[PDB]
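Just dropping this structure here.
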Amino acid sequence: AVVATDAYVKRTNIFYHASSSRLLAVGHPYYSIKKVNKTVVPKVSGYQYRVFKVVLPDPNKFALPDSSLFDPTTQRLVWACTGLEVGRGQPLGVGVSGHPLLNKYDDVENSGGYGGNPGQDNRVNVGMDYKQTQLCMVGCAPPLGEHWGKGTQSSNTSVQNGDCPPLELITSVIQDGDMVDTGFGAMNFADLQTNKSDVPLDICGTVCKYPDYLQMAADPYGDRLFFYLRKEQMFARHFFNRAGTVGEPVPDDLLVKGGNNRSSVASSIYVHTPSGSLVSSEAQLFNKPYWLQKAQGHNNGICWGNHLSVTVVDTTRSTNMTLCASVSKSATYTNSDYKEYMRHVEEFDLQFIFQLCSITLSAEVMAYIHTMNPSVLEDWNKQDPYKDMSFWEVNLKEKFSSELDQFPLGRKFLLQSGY
Amino acid sequence: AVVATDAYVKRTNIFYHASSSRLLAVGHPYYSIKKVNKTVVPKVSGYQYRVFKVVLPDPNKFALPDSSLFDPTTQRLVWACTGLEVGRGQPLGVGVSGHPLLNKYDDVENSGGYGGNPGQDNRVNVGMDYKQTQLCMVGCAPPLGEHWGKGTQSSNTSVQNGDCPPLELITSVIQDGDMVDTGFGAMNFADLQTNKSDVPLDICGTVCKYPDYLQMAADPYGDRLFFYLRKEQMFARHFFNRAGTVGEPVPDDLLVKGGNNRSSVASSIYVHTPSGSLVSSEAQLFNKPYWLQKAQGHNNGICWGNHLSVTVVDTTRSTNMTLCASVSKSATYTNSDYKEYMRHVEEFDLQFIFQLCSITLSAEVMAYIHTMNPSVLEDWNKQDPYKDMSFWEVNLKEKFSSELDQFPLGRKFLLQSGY
Amino acid sequence: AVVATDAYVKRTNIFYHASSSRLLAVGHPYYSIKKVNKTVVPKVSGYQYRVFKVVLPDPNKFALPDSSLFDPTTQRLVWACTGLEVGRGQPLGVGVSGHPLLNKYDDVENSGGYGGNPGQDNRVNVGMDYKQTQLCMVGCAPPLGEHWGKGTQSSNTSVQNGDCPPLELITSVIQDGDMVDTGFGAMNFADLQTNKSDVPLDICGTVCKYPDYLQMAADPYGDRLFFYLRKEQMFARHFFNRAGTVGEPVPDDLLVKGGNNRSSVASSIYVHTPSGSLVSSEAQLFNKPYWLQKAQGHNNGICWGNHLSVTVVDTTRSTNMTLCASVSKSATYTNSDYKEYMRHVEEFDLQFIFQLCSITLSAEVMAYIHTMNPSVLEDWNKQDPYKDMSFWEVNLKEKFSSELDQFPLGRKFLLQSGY
Amino acid sequence: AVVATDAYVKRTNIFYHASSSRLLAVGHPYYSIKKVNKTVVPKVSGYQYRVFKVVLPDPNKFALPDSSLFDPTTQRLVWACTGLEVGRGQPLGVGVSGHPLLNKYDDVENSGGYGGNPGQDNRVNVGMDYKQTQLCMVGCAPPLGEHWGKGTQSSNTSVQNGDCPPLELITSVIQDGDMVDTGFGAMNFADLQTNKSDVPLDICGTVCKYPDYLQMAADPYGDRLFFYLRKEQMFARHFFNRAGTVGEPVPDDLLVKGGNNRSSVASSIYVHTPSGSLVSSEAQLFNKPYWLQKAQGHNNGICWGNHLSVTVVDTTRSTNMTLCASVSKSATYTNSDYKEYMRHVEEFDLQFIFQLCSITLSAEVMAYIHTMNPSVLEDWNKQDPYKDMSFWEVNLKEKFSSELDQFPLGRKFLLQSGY
């Protein structure tokens, strides 16, 4: 049986403050710009995931003003997350995405008559604004996400080229720079949409993942996430019709065949342009301190291994600025005289407040932990369990301080904690 | 270590009221009108910042009804801000901005077929309403803002004319008459948009700044801002496509080249017309007293140097009235018979309530202060630290009064303070 | 120093109820209809001000059931407003306004290409809905408003015909039948817009005033308004461009001249069609009793001179009904067979609750009052100070009654007053 | 003086439950369908009034389980309404109304140029959604409404055919099946709009009434309504211009005559298409029990005469379903093969909870009542005072029961009443 950390982890009055200070990300909203070689301008979209891997200093080395606090022979130290605040700079705004060649055939919302039939290539320049999403979740382990990917066909009828691919719910570790569901669902467009032209550039070549809350919530121990705030909204702006043969035509029993032009049923493969309504300060999730006092799982904010993963998604600041430089500052206004570009920006400032804890390594405690996270013990005395994955490394080792009243969150803390 | 002002600044029961009374600004919403020489009609936009430099009378001179209150040999007097109310006249409304030659090529929200390709100069007359914004912040030092400016290239490949300029987060002192982010982000359009036609006239030639909250909040002492109320909202009205060569074309791996007309991929440099929903009294920020009782920083409203900076931004009253005078009052309706103009207006009435404080200049106090703000001491016995900057000077020297019940805010005060 | 009425006005337990009962206004929404002589059908718009001059009976004559209550030799009687309720009939709805010849040249929200240039007279039939506004304020003096009018040029360069007129903030007494700001600001269109075609008929020939709250609030005594509820909301529906020469062209430094058609910069004199969102009962201001127990000013509801001014603005019931009568009831449907008309309606029912008060005329009281309102004394023992002004006279002399439980507001009162 | 029923009507602990059970109305939304003779398919619109005449059993006959409760010689029994719940079936939705030949000339919201002039008959097929309205009011007397009807001209200038009719505020008894104000105001379109084509079919031939709250509220006794919940909302969808001669042209002083096409001023008789925003459960009024504990009037829910009138208006369930039957089930899709129809539906279930009361008929009580409602006495020992009027008769005589816990409202009651 799993037990609440509150049962084998002694707490103290030692609190420290830590902040990563200003963090900037600056790139192209839709795709990375590599000079036909290496990546120079990285892809930085507002609809991207931000998974910060916050590294804390190992207290079992740290030099305290006191040292009579315990027996380094029978007990060990651990950092526990007391509260955090995800600072967010830059003004509020929405980000436009599009595709020069979107597979958007006919507008079905309100269309006059049964026009002709599409020939070859009817793609058109389309642009819209994605679904608004604000979310944040802390844990001592990377977050889990879900998306739909191409499955594996069994020993069945040879899949004639063009058959609808098999859907599979894939679970994975949400990494930094991953794409958020934008309104076309959480799926791997790269693999399920061969034409590379069914959704905006910023996602038509990757995967859009969605937090696998239900799975994490059932985590036996609860290291994945012991806190989370989600806020997503969206409505249907326009109604479209795709171009291309209809893999699965409309059944006869469902319609009354028409004559003349109508004799050729139109594409019944509908789609809609998503859109988030307005964004406002009132609904702002971040820039507000969150005090975790009682996790819903068994791990009550214990940063095992001196690690701490903070996932963040914020589209409320997705303005994609545009800038152009001239190349012929003289002719009378000539479009060719200029080069237009796309640049997006992200501004963070992660600040936390941790509390020193101890653990007397009794026979039984040693056992429970070894079954829970053998790593934890093996360290209290190597390779990275997530070396392949990519997270925004945030090193906070030389960033701790017990002078709480010297920092905004610290001040807020003392205040809130009454004493 | 920085200490809370509440530890070395004694408070009293002496309260005074002060108000700047009616303040008017009247000009042209988009640009200043100089008669080809000097500036006559100033630029007064609703989307402009209002940084009032409120000057208070030096209490260490002031003539009180009493004078036994202290020893002018060991202690000094300081004004502390207790509360204020930013009066706002004129009705509610929104302000239209535009550009006769905006670089708005094709509407991408919903466009028919793959039109032709732009030639030279396709600019069109466009008009929209900006992002709604209400904010206010007090401090004993000017506020800090952020915007993106043209950076400095290192000893790298010669920047071929037309290359995308380098972005740099510039920090600066928000001055009166500065531009607020309107939906196209906080950047210096003058420098990043060479064509001078990518955004409305009221901002295509200047900088749009955004409060650098995170930086001010981390102010070691906290003189920048000890109070602030922000409220911004906005949505995407229309989706546009710019004209001009695409500095960074869409990568091959992201699309399936098309033949015929489609063979020439369209501009994938999207943009959107911003818009603030409705404005209503319910969301009104101003015309309401704000009682600062416990600043979040260490400076609890102490107006060091007898100064006080009040920043204000209010677009809820940005109606840009129009007026026309005739030149041929007789002909049968002829457009040429009239000259149309643009005029905007702002109406303020800053009223405050200050509390007299004292400070015994002990050895240690003298030290702390000298490190904090040497100026403060050097005065208690010159050039302006912000002579170059421009603020709306509000002189309140002959405006103080201890007859609280004779003024609206005063009345409100007594009431609120129970006694 | 001004003193609170609560200091020299004794209160009693005598309360009376009074109501004006049903009040109807029925006319034309845009202009009055005079048969080329006298005014028959008056102008009754929803966006009109309603300033009721409520006349009360002079208690210093009134015949009470008791009369031992005081010495008519040393003290006088005064009515104090305890509470009121502005009854409003007719259903909720919005009112359409328009102009057959509005100076609306090109729609700038989204316009294709640089069309040609306007010739002479391009005015078009336009119609929209104004900014929603609900407000109400009581006082013993008429309300003050503000609007922009044509100023007076000093001894300067001869104002060449057509120069932009000089703006002046004019303060005035808001009279019944005045126009409310509708979204084009508070100004005197008659004088600032020579072409008579820049805004709807209901306002293109008059002034739109806005309550001068700030000025009234600073009223030394506070007889102007001791209570007020305001609720206004609005958004930008469409974006227009005016026709007529541009008095102040766009500065060269702000744009890159274009060649060809673009060589002639379009009118940069933008405007927007206002609109109030939906109206709903939830936001209804009226038909709810308001109990004034502690005025924000010094006059706590004392109806000096037995007068009482109640200003009201309510556009939530501005439906402009249409009706047509036939002239050839037989022909096969022929437009000429009918005459269409426009009629608006207003339905009020002002009910109050007053409290008898007394004032011993001591030497000092006599003085204070004589300085405050000499009239008040001169009466306690003539011409109208507002004879020229026009208010909706509401006589309540024969309308008082001490049988509170016999009237809805009375019942509400007893209830609310607990006893 | 009128006295509160609570003074002469003794209450008891006897409570009963009653419900009308399922009530269905099924017909045509716009007009009744009579087979050129008698009415078969009745008109059942969502924007119709529902005035239920709930008949209760006369307790002065009723057979109780007890009978020692009083002296049938000196006192009488009366039913008092304690609480009710208006059950509503069918899903939420809006109802479309229209007119094949609506007098809608030119769209004035945004129209290009000064088009030509209308000839004869320009009516067009128009369709929209009405203003949303939810209301409910109980009383022991039918509700009062108001609408504008054709008045009566005095001994004045012979009303030349076509002159604007005279408006009169007509008060009447709101009957079942009456029309609710839908956005074109409360008036008698049949009489004020001769062309029969100015508003949708469902109202162009009848009257739209609005509750005369103010009048009922002033009811000396208060039998009209001792409870009421109103909730109406609406916004302006489109702006129209009517066709037909302008009875009262625009005054010269208001405009600058134009000179070519413009020389003929267009119709300045504007109108707007109304619309209710979305409907949602959150704003649902019904399907919630209402406990009347203290009426605002003097009659605290005393069902004099064993009658009870319940008025209801609910447009939140106005979906107008469509259905078609074939007539040539074989040909290759041919419109003529089918007949389309219109059918609306209403589902109610009125449930109440009454409380037995008594009244000792003392000399004085007999008097008060005789003056109040002589009928009441004459019965305690004939023709219908509203025989001509039409209400939805709801007989609850055999529907009473003292087994409260056997019914939903009963259960809710016991719960709510704590005991």
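First chain written, first letter: the chains are A, B, C and D, and each begins at residue 1.
Convention: a contact is a pair of C-beta atoms (placed from the backbone, for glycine too) under 8 Å apart; a residue touches a chain by one contact, two chains touch by 3 or more.
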Chain pair, B-C or B-D, that carries the greater number of C-beta contacts: B-C
Compare the contact pairs of A-B with each of A-C, C-D or A-D and report the one sharing over half of them by residue number. C-D
Indicate the whole-number Å distance between the mean C-alpha point of subunit B and the mean C-alpha point of subunit D. 53
What's the distance between the Cα centroids of subunit B and subunit C, rounded to whole Å? 33
Per-residue overlap in subunit A, given as positions that touch at least 2 other chains: 333
Can you list the subunit D residues touching subunit C in their complex? 1-2, 4, 101, 106, 108-114, 118-123, 131, 146, 148, 161-165, 167, 169, 181, 183-187, 192-195, 198, 210, 212-215, 217-218, 220, 230-236, 239-248, 250-251, 253-256, 258-260, 262, 265-272, 274, 276-277, 296-297
Residues of subunit D touching subunit A in their complex? 332-333
Touching residues (chain side subunit B, partner subunit C) in the complex: 21-22, 24, 26, 28, 30-31, 33, 41, 87-94, 96-101, 107, 120-129, 195-197, 201, 204-205, 237-238, 273, 275-282, 287, 319-329, 333-343, 345, 347, 349, 403, 405-408, 411-412
Touching residues of subunit A toward subunit D in the complex: what are they? 256-259, 262
